[PDB]
J.: 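What follows is a single structure, and I will ask about it in a moment.
Scope of the values below: all heavy atoms of this structure, side chains included, with no hydrogens, waters or symmetry mates. Convention: sequence-line order gives letters A, B, ...; per-chain numbering from 1.
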Amino acid sequence: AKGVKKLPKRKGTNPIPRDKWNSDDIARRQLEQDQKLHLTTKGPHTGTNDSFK
Amino acid sequence: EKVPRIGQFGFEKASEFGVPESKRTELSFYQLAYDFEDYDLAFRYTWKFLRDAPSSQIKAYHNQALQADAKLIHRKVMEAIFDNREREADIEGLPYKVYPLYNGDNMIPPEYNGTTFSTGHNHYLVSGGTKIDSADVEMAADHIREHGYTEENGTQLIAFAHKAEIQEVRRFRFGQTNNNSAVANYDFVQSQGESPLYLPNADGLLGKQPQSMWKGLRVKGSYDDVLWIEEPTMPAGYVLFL
Amino acid sequence: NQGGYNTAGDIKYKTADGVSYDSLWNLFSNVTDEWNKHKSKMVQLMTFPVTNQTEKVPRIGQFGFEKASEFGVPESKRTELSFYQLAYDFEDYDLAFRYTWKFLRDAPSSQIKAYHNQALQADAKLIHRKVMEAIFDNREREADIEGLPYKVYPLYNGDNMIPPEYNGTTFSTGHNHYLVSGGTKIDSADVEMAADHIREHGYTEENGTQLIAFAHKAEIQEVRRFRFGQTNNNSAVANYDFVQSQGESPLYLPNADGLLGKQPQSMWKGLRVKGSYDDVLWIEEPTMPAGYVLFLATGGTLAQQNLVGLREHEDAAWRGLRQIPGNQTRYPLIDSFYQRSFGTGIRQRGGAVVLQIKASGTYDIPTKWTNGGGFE
């Protein structure tokens with residue numbers, strides 16, 4: 001067979017290029033773990049409010 | 001709110017006579033609150049009116065009360081977003097503070113990917129020009145995406161805008177000048193359901209084509225990765241990015 | 001770090017606005033950090049378990065013929081054996097938790113589970129640091145094995161050890177694999193030099209080995225710009241193209257219409273490949289300090305085992321992370337210890353190169369991987 005591969009070219013609309021990285025995938029996977037760091041509470045209905053901003 | 005992560009340990013080089021140093025950590029958390037209010041309407045009649053009036057008029061007045069409710073709830077949701085002022089509320093006799101978007105106040109947004117914010121962070125932005133440009137759109141979308149909320153995290157951004165601003169945005173083309181001497185870094189791609197358009201160059205459009213609808217609303221197109229929606233409720237000089 | 005005994009008064013409520021302090025500590029009771037998972041992956045692809053605490057590399061000399069005579073007899077020929085020894089280091093590491101009796105009375109159970117879990121994280125961080133400074137610390141160490149003092153080596157580092165001869169290439173003393181670029185930004189000239197410093201020792205594509213480069217993204221942002229016959233950074237001209245990996249966006253391809261050959265793979269051992277310059281796969285490494293590149297040979301005949309040996313103890317009762325019962329107990333004070341013991345050395349002293357991007361002067365060890373201080 002021929003040794004040359006034809007490169008792909010820009011179609012009429014072509015997606016925005018965004019660099020994939022390993023450090024960005026670590027940060028992405030960490031954030032979907034950090035998204036479990038919440039507790040359900042009794043809300044403002046406690047006769048105290050000192051945990052509220 | 002999201003509980004801030006604990007500190008992390010480290011070992012010490014051992015000895016045959018001594019003992020190591022001790023380790024510890026601590027926690028913290030916080031909460032946010034929501035407003036509440038009461039609203040009411042009246043329907044007063046005379047005994048002659050209820051004797052003589054058609055039942056269709058009474059039923060029309062009832063149907064109009066249900067539509068007065070829809071208008072009230074809509075207004076109160078939209079002014080929660082567009083009114084940039086902090087509100088006090090009393091809940092079970094204690095005071096609380098309830099919030100708009102970041103408004104130049106003393107909350108500091110949490111750090112994300114090693115970028116740390118100051119006090120005075122703000123999401124009520126002025127364009128600095130009589131007509132929208134691509135630097136305004138890119139600035140505003142980046143003000144969201146610096147907090148997380150990025151396309152790699154699987155979000156979609158939406159922009160809701162009035163016709164007078166959409167008709168500027170749909171003219172953004174890569175490397176061309178816009179309003180206020182801004183130069184576009186992307187180009188506006190029409191949704192698949194819009195009026196036909198010739199592609200300007202063999203060097204095709206820098207963006208993916210949007211689908212016809214998002215959430216049952218029709219989409220005009222996309223610039224950057226944000227979808228633009230013609231929103232008839234929107235006031236003229238304003239855009240909501242979400 | 002916070003330090004000291006845990007005391008009543010380090011506890012601060014049972015509940016606040018209805019949430020319980022035990023539930024807050026229960027969140028952290030079983031977390032694991034994605035950075036410590038990445039560090040554990042890098043150790044797993046960069047080390048091997050030491051079965052043999054020392055290694056020998058023997059050699060012999062050689063001789064030739066001479067012209068005959070009808071009357072005489074030839075001068076006699078002779079040869080001698082010689083060798084080098086290599087060894088692996090070993091060290092002991094320690095950690096404590098200490099409590100007061102009234103802290104243990106009042107504290108939520110989940111706080112102890114969270115402290116235990118963070119000791120496992122600290123163990124993973126320690127092993128990673130000690131593997132990376134085996135590669136980066138540039139200095140030789142002693143190690144007593146059976147009370148005989150052996151010697152533990154980095155890569156080739158300007159020392160009196162002479163690399164084995166290969167393809168008739170004879171090396172001197174003073175061979176070095178801690179390279180300085182001689183320029184503020186990376187050249188194609190620097191990349192080409194560093195890869196050839198490996199490939200002269202064997203570790204060729206002829207021998208079936210694959211070279212990898214691990215780098216901080218700021219160096220990859222230069223290397224991805226290299227194109228054949230074009231000038232790049234410190235007036236260097238590239239002898240090759242940087243070729244994108246098969247998975248990258250087409251928008252980043254140069255102004256060309258064909259590729260002679262094939263694009264490099266997207267993924268290597270679950271790490272993501274940006275592309276290749278020369279035959280070297282370039283991988284963005286989350287842990288790399290900024291001004292540095294590690295070039296590593298892998299696979300084939302000569303690099304069939306990973307660069308760094310981990311020497312754990314001979315007895316299973318002393319292997320792995322262990323808890324020791326402590327020596328303050330019940331009242332008024334309580335303690336316990338975590339203990340880990342291992343050490344690190346390199347056998348294949350030519351199997352990698354470290355390149356530092358700086359303008360002039362000698363190599364600097366990265367502060368985060370200097371052996372003289374820190375354990376994380």
J.: Looking at every heavy atom in both A:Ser23 and C:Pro286, which two are closest together, and how far apart are they?
T.: N-CG, 3.6 Å
J.: Would you say the side-chain atoms of C:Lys274 pair up with the backbone N or O of C:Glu248, donor to acceptor, closer than 3.5 Å?
T.: no
J.: Sub-3.5 Å donor-acceptor pair from the side chain of B:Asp224 to the main-chain atoms of B:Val226, do we have one?
T.: no
J.: Please evaluate residues C:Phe103 and C:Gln111 with respect to the criterion side-chain contact (heavy atoms from CB on, under 4.5 Å), reporting the C-alpha separation (whole Å), side-chain torsions for both, the decisive distance (0.1 Å), and the verdict.
T.: CA-CA 11 Å; C:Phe103 177 87; C:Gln111 184 162 4; 3.9 Å; yes
J.: Tell me whether B:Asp83 contacts the main-chain N or O of B:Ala80 through its side chain, where contact means a donor paired with an acceptor under 3.5 Å.
T.: no
J.: Are a donor atom and an acceptor atom from the side chains of C:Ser20 and C:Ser23 found within less than 3.5 Å of each other?
T.: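 C:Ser20 vs C:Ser23: donor-acceptor pair found between side chains.
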J.: I'd like to know whether OH of C:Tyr252 has more than 12 heavy-atom contacts from other residues, nucleotides or ligands below 6.0 angstrom.
T.: yes
J.: Say whether C:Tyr338 and C:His116, considering side chains only, have a donor N or O and an acceptor N or O under 3.5 Å apart.
T.: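 Per modelled atom types, C:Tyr338 and C:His116 side chains form a pair under 3.5 Å.
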J.: Would one find more than 12 heavy atoms of other residues, nucleotides or ligands at under 6.0 Å from atom NZ of C:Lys12?
T.: yes
J.: Report the relative orientation of the aromatic rings in C:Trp35 and C:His38; use parallel for angles under 30°, tilted for 30 to 60°, perpendicular for over 60°.
T.: perpendicular
J.: Cut-off 3.5 Å, side chains only: do C:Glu34 and A:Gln33 have a donor facing an acceptor?
T.: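 No, because no side-chain N or O of C:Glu34 sits under 3.5 Å from a partner of the opposite role on A:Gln33.
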J.: For the rings on C:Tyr115 and C:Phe97, is their centre-to-centre separation under 6.0 Å?
T.: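 C:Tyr115 vs C:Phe97: aromatic centres under 6.0 Å.
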J.: Testing the basics here: between C:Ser266 and C:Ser245, what is the closest heavy-atom pair and its distance to 0.1 Å?
T.: CA-OG, 3.1 Å
J.: Does B:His147 form a ring-ring contact (aromatic ring centres under 6.0 Å, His included) with B:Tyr112? I'd like the steps, not just the answer.
T.: CA-CA 6 Å; B:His147 304 85; B:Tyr112 173 72; 8.6 Å; no
J.: Between C:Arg224 and A:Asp19, is there a side-chain N and carboxylate O pair less than 4.0 Å apart?
T.: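 Result for this pair is yes, salt bridge flagged.
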J.: Examine the side chains of C:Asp335 and C:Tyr5 and answer whether a donor and an acceptor come within less than 3.5 Å of each other.
T.: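 Per modelled atom types, C:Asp335 and C:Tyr5 side chains form no pair under 3.5 Å.
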J.: Assess whether atom NZ of C:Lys37 is packed by more than 12 heavy atoms of other residues, nucleotides or ligands within 6.0 Å.
T.: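 It does not: C:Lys37 NZ has 12 such atoms or fewer within range.
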J.: Taking A:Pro44's backbone N and O only, do any of them form a donor-acceptor pair with B:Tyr96's side chain (distance below 3.5 Å, no angle check)?
T.: yes
J.: What verdict does the side-chain contact (heavy atoms from CB on, under 4.5 Å) test give for B:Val3 and C:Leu27, after you've listed the backbone C-alpha separation in whole Å, the side-chain angles of each residue and the deciding distance to 0.1 Å?
T.: CA-CA 9 Å; B:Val3 177; C:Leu27 294 173; 3.9 Å; yes
J.: If we count only N and O atoms by modelled type, under 3.5 Å, do the side chains of B:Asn106 and B:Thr119 hold a donor and an acceptor together?
T.: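 Distance-only check fails for B:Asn106 and B:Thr119.
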J.: Would you confirm whether C:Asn30, through its side chain, and C:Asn117, through its main-chain N or O, come within 3.5 Å as a donor-acceptor pair?
T.: no
J.: Ignoring hydrogens and geometry beyond distance, is a side-chain donor-acceptor pair present between C:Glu312 and C:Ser341 at under 3.5 Å?
T.: no
J.: Would you call B:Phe82 and B:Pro100 a side-chain contact if the rule is heavy atoms closer than 4.5 Å?
T.: no
J.: With no hydrogens and no angle check, is any side-chain donor or acceptor of B:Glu165 less than 3.5 Å from a backbone partner on B:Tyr238?
T.: no
J.: Would a distance-only check, ignoring hydrogens and angles, find a side-chain to backbone donor-acceptor pair under 3.5 Å from A:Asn14 to B:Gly207?
T.: no
J.: Apply the test side-chain contact (heavy atoms from CB on, under 4.5 Å) to residues B:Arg24 and C:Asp10: give CA-CA distance (whole Å), side-chain angles for both, the deciding distance (0.1 Å), then the verdict.
T.: CA-CA 10 Å; B:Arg24 32 165 287 270; C:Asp10 303 319; 4.2 Å; yes
J.: Main chain of C:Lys269, side chain of C:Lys41: is a donor-acceptor contact present, judged purely on distance under 3.5 Å?
T.: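 Side chain of C:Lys41 to backbone of C:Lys269, a donor-acceptor pair under 3.5 Å: yes, one is there.
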J.: C:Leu45 vs C:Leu271, test: side-chain contact (heavy atoms from CB on, under 4.5 Å). Steps then yes/no.
T.: CA-CA 10 Å; C:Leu45 67 79; C:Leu271 302 179; 4.0 Å; yes
J.: Check the surroundings of atom CD in B:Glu1: do more than 12 heavy atoms from other residues, nucleotides or ligands lie under 6.0 Å from it?
T.: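 Counting other residues, nucleotides and ligands, CD of B:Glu1 exceeds 12 neighbours.
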J.: Kindly indicate, with the supporting measurements, whether the criterion side chain to side chain donor-acceptor pair (under 3.5 Å) is fulfilled by A:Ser51 and B:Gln31.
T.: CA-CA 6 Å; A:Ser51 71; B:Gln31 309 192 79; 2.8 Å; yes
J.: Less than 6.0 Å separating the ring centroids of C:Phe375 and B:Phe11?
T.: no
J.: I'd like to know whether C:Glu285 forms a side chain to side chain donor-acceptor pair (under 3.5 Å) with A:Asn22, so could you lay out the CA-CA distance, the side-chain angles of the two residues, the decisive distance to 0.1 Å, and finally the verdict.
T.: CA-CA 7 Å; C:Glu285 172 43 45; A:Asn22 281 119; over 6 Å; no
J.: On a heavy-atom basis, which atom in C:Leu251 and which in A:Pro15 lie closest, and how many Å separate them?
T.: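 The answer is CD2-O, 4.0 Å.
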J.: Is the shortest side-chain N to carboxylate O distance from C:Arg272 to C:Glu284 below 4.0 Å?
T.: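 Result for this pair is no, no salt bridge flagged.
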J.: Atom CG in B:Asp225, atom CD in B:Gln156: separation rounded to 0.5 Å?
T.: 7.5 Å
J.: Could you check whether any side-chain N or O of B:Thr155 sits under 3.5 Å from a backbone N or O of B:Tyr149, counting only pairs where one atom can act as donor and the other as acceptor?
T.: yes
J.: Does the C:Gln339 side chain pair with the main chain of C:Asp92, one donor and one acceptor, at a distance under 3.5 Å?
T.: no
J.: Is a donor from one side chain sitting under 3.5 angstrom from an acceptor on the other, for C:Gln121 and C:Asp33?
T.: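 There is no such pair between these side chains.
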J.: Should the pair A:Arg29-A:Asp25 be classified as a salt bridge under the 4.0 Å nitrogen-to-oxygen rule?
T.: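 Looking at A:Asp25 together with A:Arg29, the answer is yes, because their closest N to O distance falls below 4.0 Å.
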J.: Please report the closest heavy-atom contact between B:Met107 and B:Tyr102, naming both atoms and the distance.
T.: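 Looking at all heavy atoms of both residues, the closest pair is CB-CE2, 4.5 Å.
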J.: Of all the heavy-atom pairs spanning B:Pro4 and B:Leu27, show the shortest one and how long it is.
T.: O-CD2, 4.3 Å
J.: Who are the side-chain hydrogen bond (donor to acceptor under 3.5 Å, both in side chains) partners of C:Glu376, not counting sequence neighbours?
T.: C:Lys125
J.: Where does the angle between the aromatic ring planes of C:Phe342 and C:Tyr93 fall among parallel (under 30°), tilted (30 to 60°) and perpendicular (over 60°)?
T.: tilted
J.: Could you give me the CA-CA distance, side-chain angles and deciding distance for B:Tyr223 and B:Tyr186, then say whether ring-ring contact (aromatic ring centres under 6.0 Å, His included) is met?
T.: CA-CA 7 Å; B:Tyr223 181 86; B:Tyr186 309 96; 5.8 Å; yes
J.: Does atom NZ of A:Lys20 have more than 12 heavy-atom neighbours from other groups under 6.0 Å away?
T.: no
J.: Could you measure the distance from the NZ atom of C:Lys130 to the CD1 atom of C:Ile135? Nearest 0.5 Å is fine.
T.: 13.5 Å
J.: Before giving the answer on side chain to side chain donor-acceptor pair (under 3.5 Å), spell out for B:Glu138 and B:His143 the whole-Å C-alpha distance, their side-chain angles and the decisive distance to 0.1 Å.
T.: CA-CA 9 Å; B:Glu138 290 161 20; B:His143 236 297; over 6 Å; no
J.: Write down the atom of B:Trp214, the atom of B:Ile229, and the distance for their closest heavy-atom approach.
T.: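 Distance-wise, the nearest heavy atoms are CE3-CD1, 3.6 Å.
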J.: If you draw the axis of the six-membered ring of B:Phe9, does the NZ or CZ of B:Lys23 fall within 45° of it and under 6.0 Å from the ring centre?
T.: no
J.: Would you find more than 12 non-hydrogen atoms of other residues, nucleotides or ligands less than 6.0 Å from C:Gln44 atom CD?
T.: no
J.: B:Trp228 pairs by side chain to side chain contact (heavy atoms under 4.5 Å, CB included) with which of B:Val219, B:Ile158, B:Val239?
T.: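 With B:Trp228 as partner, side chain to side chain contact (heavy atoms under 4.5 Å, CB included) holds for just one option, B:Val239.
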J.: Given side chains that start at C-beta, do those of A:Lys42 and C:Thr15 come closer than 4.5 Å, heavy atoms only?
T.: no
J.: Could you measure the distance from the CD1 atom of B:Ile166 to the CZ atom of B:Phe188? Nearest 0.5 Å is fine.
T.: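 Nearest 0.5 Å value for the CD1-CZ distance: 7.0 Å.
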